[PDB]
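*Asks:* Quick one: structure below, then a few questions.
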Amino acid sequence: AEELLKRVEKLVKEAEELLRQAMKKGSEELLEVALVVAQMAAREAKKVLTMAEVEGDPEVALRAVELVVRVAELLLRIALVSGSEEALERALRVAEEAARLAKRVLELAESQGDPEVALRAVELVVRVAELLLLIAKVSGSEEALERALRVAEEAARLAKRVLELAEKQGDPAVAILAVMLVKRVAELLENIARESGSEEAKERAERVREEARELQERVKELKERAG
Amino acid sequence: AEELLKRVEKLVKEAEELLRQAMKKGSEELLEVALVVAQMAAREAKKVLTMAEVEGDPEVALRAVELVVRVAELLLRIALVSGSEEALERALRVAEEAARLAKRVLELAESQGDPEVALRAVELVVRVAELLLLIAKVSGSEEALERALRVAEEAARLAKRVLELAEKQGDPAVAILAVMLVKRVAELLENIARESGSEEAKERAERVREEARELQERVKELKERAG
Amino acid sequence: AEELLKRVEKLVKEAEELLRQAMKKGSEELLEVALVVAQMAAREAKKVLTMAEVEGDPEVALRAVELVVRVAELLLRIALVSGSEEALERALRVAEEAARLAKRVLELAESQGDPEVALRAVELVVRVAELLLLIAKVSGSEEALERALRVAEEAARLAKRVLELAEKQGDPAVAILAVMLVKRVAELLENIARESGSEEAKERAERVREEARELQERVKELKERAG
Amino acid sequence: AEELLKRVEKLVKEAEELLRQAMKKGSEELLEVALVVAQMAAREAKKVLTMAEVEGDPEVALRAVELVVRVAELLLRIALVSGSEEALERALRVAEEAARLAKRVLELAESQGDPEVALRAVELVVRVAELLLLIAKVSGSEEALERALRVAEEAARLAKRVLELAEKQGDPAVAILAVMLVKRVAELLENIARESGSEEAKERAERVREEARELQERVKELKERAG
Amino acid sequence: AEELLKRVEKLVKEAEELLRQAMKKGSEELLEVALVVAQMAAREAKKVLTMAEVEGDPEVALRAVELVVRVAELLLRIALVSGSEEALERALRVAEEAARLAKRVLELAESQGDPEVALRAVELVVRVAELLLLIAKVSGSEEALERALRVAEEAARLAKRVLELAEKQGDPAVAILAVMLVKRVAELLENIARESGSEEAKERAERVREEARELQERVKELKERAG
Amino acid sequence: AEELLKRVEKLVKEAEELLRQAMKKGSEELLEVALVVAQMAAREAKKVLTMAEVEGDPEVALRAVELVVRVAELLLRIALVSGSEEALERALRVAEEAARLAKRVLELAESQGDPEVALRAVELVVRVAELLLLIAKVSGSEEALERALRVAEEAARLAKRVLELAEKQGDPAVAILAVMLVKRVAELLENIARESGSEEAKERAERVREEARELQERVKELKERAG
Amino acid sequence: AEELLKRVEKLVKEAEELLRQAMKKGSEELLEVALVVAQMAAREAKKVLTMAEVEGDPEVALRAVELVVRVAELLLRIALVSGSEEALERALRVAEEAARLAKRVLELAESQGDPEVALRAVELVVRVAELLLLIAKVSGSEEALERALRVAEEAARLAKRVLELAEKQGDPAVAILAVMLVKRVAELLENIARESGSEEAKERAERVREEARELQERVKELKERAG
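Residue numbers (our numbering), protein chains in the order written: chain V, 66 to 292; chain Y, 66 to 292; chain U, 66 to 292; chain X, 66 to 292; chain E, 66 to 292; chain C, 66 to 292; chain B, 66 to 292.
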């Protein structure tokens with residue numbers, strides 16, 4: 066549904082340009098609009114995922130959910146520039162719901178057998194953990210730290226499906242990178258566990274970083290299978 | 066009709082470059098040309114609006130009438146540099162006719178249901194009020210002040226169609242900005258009423274500035290509808 | 066008679082391409098040709114309607130009269146680019162005669178019982194009202210405004226046959242849209258009555274816009290009949 | 066015979082691309098090839114005209130002889146880049162023979178009664194006069210000027226058949242343009258007669274330019290016949 | 066043929082940079098190269114005019130012949146810095162041939178109907194008269210003064226075609242400037258006639274300066290036609 | 066089998082883009098992937114040659130084997146950036162096997178009689194000699210120099226089939242270029258024989274460069290046959 | 066590979082700025098870094114030559130090897146400021162290897178037929194002879210004098226390829242300068258032979274300076290060929 070795709074995609078450039086009008090001038094009226102424009106983008110964007118999730122058109126969703134994250138990037142800047150604790154909690158819920166929408170996408174492609182669409186989608190989730198991480202360091206709360214914590218470790222589980230998805234096809238392309246994301250996660254699990262000091266995060270962290278060390282073994286053979 | 070669009074658009078850059086040749090040298094022969102070049106741009110530009118107004122190609126007109134205003138910006142500088150009271154009255158009529166061409170555009174898109182093309186078009190009118198305002202302060206006349214006065218308050222009425230146009234679609238994008246333009250007008254109605262002292266302008270001014278205060282209420286709900 | 070169809074259809078692309086040769090260069094010799102090419106298209110196009118009106122081949126006519134309107138779109142641009150008051154009155158008569166040719170088509174299909182061919186044909190008439198509307202705003206005359214006025218309100222009567230035609234078949238497809246066209250007309254009756262201020266147009270306008278409000282009731286049941 | 070059409074058409078793009086490899090590098094080996102590739106295109110192209118001239122498939126020839134001219138455009142550039150007086154005389158004979166091939170095409174369509182195929186074919190001849198004109202200004206010779214002179218004035222006679230061909234069908238489409246070509250010729254007859262000063266060319270020139278003035282009269286009625 | 070355009074354009078910057086290496090150091094070996102580089106630019110530049118003169122690509126030539134003049138500017142500086150009477154007579158012939166190449170360009174666009182490409186091309190010729198004027202004051206000869214004299218008064222005739230070319234299109238853009246060039250010439254015809262004292266130059270001068278006074282009348286109406 | 070073609074073609078752009086991610090960052094994990102992605106491209110690419118070699122679809126293979134070489138270009142850069150002597154010997158075997166795949170292609174088209182598909186395929190081999198040449202200068206070994214030596218001189222033999230293939234069809238297109246490739250080889254045979262000093266390479270070199278001198282004679286007539 | 070180009074280019078400005086921090090302060094820790102930074106630039110720079118030598122992107126290498134020399138300029142200053150005989154022998158080997166990298170570049174462009182890239186590359190070698198010359202006068206050794214001697218006289222041979230490369234294209238641009246470099250060398254062969262007194266250097270010197278006297282003859286005609 067390219068008609069919806071461009072129109073939603075169009076909203077980004079307007080609001081993202083409205084952002085710069087505010088940086089020059091500092092008018093909340095410009096900013097109120099952004100919380101109207103982008104916050105209705107989620108309405109129409111999520112629909113594009115829906116009708117796309119019907120026909121089995123996976124590439125559309127990857128180019129859509131990625132755009133939802135850009136909203137989170139935008140709504141973040143608003144709350145940073147404005148300081149509204151609501152706007153954090155606006156961008157929070159939007160960002161958190163992106164997790165579901167990502168997980169909504171993953172199990173699609175297995176029915177399609179198209180793994181490559183996953184891996185770029187999975188990495189979107191990872192930035193959200195990085196994204197909330199910036200938010201948690203602002204408020205200092207542990208609520209969001211847990212939200213971050215549950216997202217990524219849940220996101221870590223997802224790669225095992227992906228690694229399982231590749232070994233069906235025997236495709237190394239998605240295979241090796243899938244492992245690397247976990248190392249790209251291990252930076253996070255470290256960094257939150259650096260701060261809060263909860264050994265559970267460290268426990269969670271060690272298991273994850275230890276898992277990729279183990280998971281790479283399943284690809285060490287695949288590097289010898291096809292090449 | 067891109068062929069016409071670029072050719073008219075081309076004339077601007079030539080004459081606007083001829084302007085700078087005159088600023089360096091001060092030759093009226095360079096300037097006589099500008100009153101030939103740009104004054105024929107209105108001939109061909111208005112045609113681009115016409116044939117575009119047929120097919121229902123709205124975005125072309127917005128990119129066209131905007132260029133007509135640039136002529137007014139140019140013809141203004143001529144009369145400022147030259148001092149010809151005619152050239153004021155040249156740029157006056159051209160500028161005043163832009164109002165009709167703008168109003169000619171507005172009711173188009175309602176048949177198309179494409180509101181966003183309006184709002185940038187409406188704002189073109191507003192500069193013309195600012196534009197004549199500079200002219201009225203030059204001549205000191207009240208004729209042009211009335212022309213300015215009738216344009217903007219007529220232009221103020223237009224947003225109510227726009228606000229009405231959005232509430233059909235429920236689009237907040239054009240909605241909120243539409244209100245803000247009236248505040249962007251209220252500066253004008255103030256400033257002319259600062260000078261001439263006619264309480265009618267102040268009356269006109271208060272009603273307008275009081276209207277946006279009221280009109281925003283219709284969007285306060287729309288901010289709660291979709292988000 | 067596909068042989069005639071393509072040959073007439075072919076003329077459009079030539080002249081419509083000749084149009085663009087003129088926009089680049091501005092040669093009336095290119096334009097004289099257009100008033101020869103397209104103005105003979107009406108000769109041969111109207112014949113295609115005739116011989117098609119014999120056998121009861123309705124779909125041919127819809128694909129033909131639609132092409133006559135394209136001529137009106139073309140001849141319009143000529144008179145806009147050229148400014149010949151004759152060419153207005155050329156495109157006027159051609160356009161006005163399209164009304165008869167449309168009305169000539171409508172009562173055909175009732176003998177055939179094929180309603181869907183009507184509705185797209187009816188909408189062609191509506192653009193002609195929009196088409197003359199552009200012409201009337203050029204000349205400013207009230208003659209053409211009346212021609213516009215008599216066409217559409219006569220065209221408004223036609224839908225009642227269509228609505229009557231559907232209720233025979235009980236087809237909702239043509240049914241609901243038929244109502245919507247009247248609202249698509251009400252924009253027109255408003256807009257001409259905005260300008261000329263004749264309360265008769267407003268009276269005509271109110272009755273029409275009030276009629277669709279009433280006519281939809283006859284479909285509200287049909288929405289409950291079949292679904 | 067589309068198989069031949071594309072294969073000959075294919076040769077153009079190769080050699081025309083080989084041309085650009087030479088412009089970057091300046092290798093005569095690239096250029097020797099062009100005098101092999103395109104010079105065999107005339108062999109196979111002329112055949113496509115032949116077998117097409119059998120069945121009475123006129124549109125094929127128009128799309129073929131037009132491609133022969135492109136060779137002349139290419140072979141010209143070679144002789145310009147190279148400077149070989151032979152390559153002029155190569156491109157000369159090829160170009161001159163195109164005249165016959167054009168005249169070979171014209172009398173075909175009268176048997177078919179398909180005039181429109183002529184007019185675009187006739188205009189191909191006219192460029193050849195323009196084409197040789199560039200060559201004559203290079204060598205400065207009067208031989209080619211006469212070749213140019215005899216081609217076009219012979220080509221001028223051809224339109225009278227075309228004008229006669231239309232008046233059978235009463236088609237204005239080919240009719241009016243046919244006149245315009247003579248004016249498009251009159252530029253040539255002027256320009257050669259500007260240079261060489263031979264009053265015969267001027268005499269030839271006046272008669273031609275005076276002829277179109279007279280020939281248009283036969284179409285002035287046709288503009289009143291059908292429209 | 067952009068490949069040729071940049072490569073020739075590239076040569077300018079090299080040699081024009083080699084010029085500055087010589088100004089710092091004073092090595093004729095640097096300067097011998099310039100008479101090799103630029104003097105082969107005319108070879109390849111003139112070709113770009115040729116192959117461009119084929120297809121009817123006028124804007125290329127204007128951007129090419131302008132570059133030929135830059136060579137004349139460069140070769141001039143060489144002969145000034147060096148003092149070689151040959152290098153004068155080198156730059157002379159190159160410069161004089163530019164006149165033909167300019168006149169070669171002018172009659173092109175009338176076939177294209179693209180006047181604006183002329184006027185900037187015509188002005189290139191005018192600098193050559195100014196260019197030779199500097200040379201004639203160096204040698205003091207009257208040969209070059211006549212060459213200068215015949216160029217410009219021949220160049221003065223050209224504008225009448227241009228003025229005639231515009232009145233076809235009714236374009237004032239090229240129209241008014243065309244007149245001004247003659248006044249831009251009248252400075253020259255004065256200045257050579259100041260020096261040599263030949264009343265013929267003064268006669269030539271008066272007629273020219275009197276001509277523009279008359280020619281402007283044909284544009285005084287055009288300033289009233291379109292505007 | 067376009068499905069396979071794009072998918073293999075797709076892998077190139079990914080890995081070739083992964084290459085640039087490594088150049089910015091220097092992660093071997095990015096590079097390990099390239100030796101997985103592209104090294105499986107040879108698996109699926111060679112299959113596309115196979116199933117294409119069945120039906121007699123030659124143009125597919127030319128667009129396929131060309132892509133295999135791009136892998137060699139990529140794998141080369143890896144070993145250069147990384148320095149792994151294995152990766153040389155990886156890219157070596159892949160590159161050497163491309164020779165067979167090229168030779169596998171050549172004798173196909175003779176059964177099809179389609180020579181032009183050969184010549185671009187033959188030139189792919191030639192770059193491989195250039196390709197290994199870069200590798201041999203890295204390791205300094207003479208093994209690869211012999212591999213290079215045997216490839217090209219074997220590749221030189223191939224043109225004789227091609228020259229023989231053309232003389233059947235009498236096509237000069239492939240004919241002349243075929244000779245030129247040998248001169249394009251003679252640079253190589255020189256350059257390796259410049260370095261290693263083995264007179265056998267020089268002997269091999271002289272015979273080859275002397276052969277084209279002789280082989281051109283067979284085309285000198287063909288330049289006189291068709292033209 | 067612009068990513069590598071800037072990053073290597075970036076290292077220069079850092080280290081070259083670190084150089085100035087040392088000149089102000091005199092810290093070997095600043096200088097140890099330079100022998101780390103620039104000495105790894107050769108690692109990555111030489112790679113840029115490699116991957117560029119693959120695709121046939123010559124202009125990249127000229128802009129790369131030139132930067133290698135700048136390192137030699139920097140490493141020189143270090144050994145001068147520091148006095149480390151190793152750092153001489155560091156900068157020596159780096160500088161000497163630049164000769165190969167230059168010679169590696171030269172034979173590239175002949176396959177490309179792009180001579181101008183050579184001449185600026187050749188001149189880089191010449192500075193290295195000047196560069197080692199400064200080093201030899203420091204140590205007083207004759208080893209480096211021979212290295213200098215073998216480089217330049219080998220570098221002198223290279224121009225004969227270049228002169229041969231131009232005469233293919235007939236380009237005088239690279240042609241004349243190529244001769245001048247030998248005279249730019251003859252200063253060197255003099256100056257080393259001034260000092261060491263070895264008649265072989267003088268013999269080498271005379272032959273070289275006598276060669277350019279002879280080689281210019283081959284260009285004296287080329288100055289008469291094209292101009």
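By construction, the Cβ of each residue, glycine as well, lies at the ideal position given by its N, Cα and C atoms.
Would you kindly report the start and end of the unbroken alpha helix (DSSP H) that includes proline 180 of chain X?
*Replies:* Careful: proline 180 of chain X lies outside any alpha helix (DSSP H) and carries neither H nor E.
*Asks:* Provide the residue span of the alpha helix (DSSP H) that contains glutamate 268 of chain B, from first to last.
*Replies:* From DSSP, the alpha helix (DSSP H) with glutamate 268 of chain B extends over 264-280.
*Asks:* Assuming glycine 235 of chain V and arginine 290 of chain V are in contact, meaning their beta carbons sit under 8 Å apart, how far apart are those beta carbons, in whole angstroms?
*Replies:* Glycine 235 of chain V to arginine 290 of chain V, Cβ: 6 Å. Contact.
*Asks:* Can you look up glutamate 195 of chain C in the DSSP assignment and give me helix, strand or coil?
*Replies:* Note: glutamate 195 of chain C maps to helix in three-state DSSP.
*Asks:* Along the alpha helix (DSSP H) that carries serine 206 of chain B, what are the first and last residues, could you check?
*Replies:* Looking at the DSSP string, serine 206 of chain B is not in any alpha helix (DSSP H), and its letter there is neither H nor E.
*Asks:* Let me make sure I understand the geometry here. Which of X/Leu196, X/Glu175, X/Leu70 has the alpha-carbon closest to that of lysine 112 of chain X?
*Replies:* Answer by Cα proximity: X/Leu70.
*Asks:* How many whole angstroms separate the CB atoms of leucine 132 of chain X and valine 77 of chain X, which I take to be in contact at a CB cut-off of 8 Å?
*Replies:* 6 Å between Cβ atoms; contact.
*Asks:* What residues in the segment 79-109 of chain E bring their beta carbon closer than 8 Å to a beta carbon of chain B?
*Replies:* Listed by position, the residues of the segment 79-109 of chain E near chain B (Cβ gap below 8 Å) are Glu79, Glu94, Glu97, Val98, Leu100, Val101, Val102, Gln104, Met105, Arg108.
*Asks:* Are the CB atoms of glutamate 109 of chain U and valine 134 of chain U within a distance shorter than 7 Å?
*Replies:* No, Cβ-Cβ distance for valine 134 of chain U and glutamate 109 of chain U is not below 7 Å.
*Asks:* Looking at the unbroken alpha helix (DSSP H) that takes in residue 56 of chain U, where does it start and where does it end?
*Replies:* Look at the range of chain U in this structure, 66 to 292, and you will see that residue 56 of chain U is not part of it.
*Asks:* Can you list, in chain order, the residues of its chain whose CB lies under 8 Å from that of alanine 194 of chain C, leaving out five sequence neighbours each side?
*Replies:* Answer for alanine 194 of chain C: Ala213, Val216, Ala217, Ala220, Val250, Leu253, listed in chain order.
*Asks:* Short of 9 Å Cβ to Cβ, which residues in the segment 262-281 of chain E face chain U?
*Replies:* Here the close residues number zero.
*Asks:* Should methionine 88 of chain Y go down as buried or exposed, given a rule of 16 or more other Cβ atoms within 10 Å for buried?
*Replies:* With fewer than 16 Cβ atoms within 10 Å of its Cβ, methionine 88 of chain Y is classed as exposed.
*Asks:* Measuring only the C-alpha atoms, how far is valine 239 of chain V from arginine 185 of chain V?
*Replies:* Using only the alpha carbons, I get a separation of about 9 Å.
*Asks:* According to the Cβ coordinates, are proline 123 of chain U and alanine 174 of chain U closer than 7 Å?
*Replies:* Yes; because the gap between Cβ atoms is below 7 Å, this pair is in contact.
*Asks:* Beta-carbon of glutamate 161 of chain X versus every beta-carbon of chain E: anything under 7 Å?
*Replies:* Judged by the 7 Å Cβ criterion, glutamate 161 of chain X is not in contact with chain E.
*Asks:* With respect to the alpha helix (DSSP H) encompassing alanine 87 of chain X, which residues constitute its N-terminal and C-terminal limits?
*Replies:* Looking at the DSSP string, the run of the alpha helix (DSSP H) that includes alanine 87 of chain X is 67-90.
*Asks:* Measuring CB to CB, does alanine 167 of chain V end up less than 7 Å from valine 190 of chain V?
*Replies:* Closer than 7 Å, so yes.
*Asks:* Quick one, are the C-beta atoms of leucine 223 of chain E and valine 247 of chain E less than 7 Å apart?
*Replies:* Taking 7 Å as the Cβ cut-off, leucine 223 of chain E and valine 247 of chain E do not qualify as a contacting pair.
*Asks:* Pull out every residue of the segment 205-225 of chain B whose Cβ sits closer than 7 Å to any Cβ of chain C, in chain order.
*Replies:* Against chain C - using a Cβ distance shorter than 7 Å - the segment 205-225 of chain B contributes no residues.
*Asks:* For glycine 178 of chain E, decide whether its Cβ has a neighbour in chain U, counting only Cβ atoms nearer than 7 Å.
*Replies:* Closer than 7 Å to some Cβ of chain U, the Cβ of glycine 178 of chain E qualifies, so yes.
*Asks:* Rounded to the nearest angstrom, what separates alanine 99 of chain V and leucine 287 of chain Y at their Cα positions?
*Replies:* Approximately 14 Å between the Cα atoms of the pair.
*Asks:* Give me the residue from X/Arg272, X/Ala103, X/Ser92 with the minimum Cα distance to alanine 156 of chain X.
*Replies:* Nearest of X/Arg272, X/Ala103, X/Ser92 to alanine 156 of chain X, Cα basis: X/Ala103.
*Asks:* Does the distance from the CB of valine 244 of chain C to the CB of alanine 270 of chain C come in under 7 Å?
*Replies:* No, Cβ-Cβ distance for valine 244 of chain C and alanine 270 of chain C is not below 7 Å.
*Asks:* Could you tell me how far apart the beta carbons of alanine 106 of chain V and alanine 137 of chain V are, in whole angstroms, since I believe they sit closer than 8 Å?
*Replies:* Actually they do not touch by this definition, with Cβ atoms about 11 Å apart.
*Asks:* Cα-Cα, which of C/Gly148, C/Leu114, C/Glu172, C/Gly121 is closest to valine 203 of chain C?
*Replies:* With distances taken between Cα atoms, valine 203 of chain C lies closest to C/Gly148.
*Asks:* When Cβ atoms are compared, which residues of the segment 184-203 of chain C fall closer than 7 Å to chain B?
*Replies:* So the close ones are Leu199.
*Asks:* For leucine 141 of chain Y, collect the residues of the same chain with a Cβ closer than 6 Å to its Cβ; drop the 5 residues on either side in sequence, then sort them by chain order.
*Replies:* Same-chain partners within the cutoff: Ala156.
*Asks:* Measure the CB-CB distance between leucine 114 of chain Y and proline 180 of chain Y and report whether it falls below 7 Å.
*Replies:* No, these two residues do not count as a Cβ contact at 7 Å.
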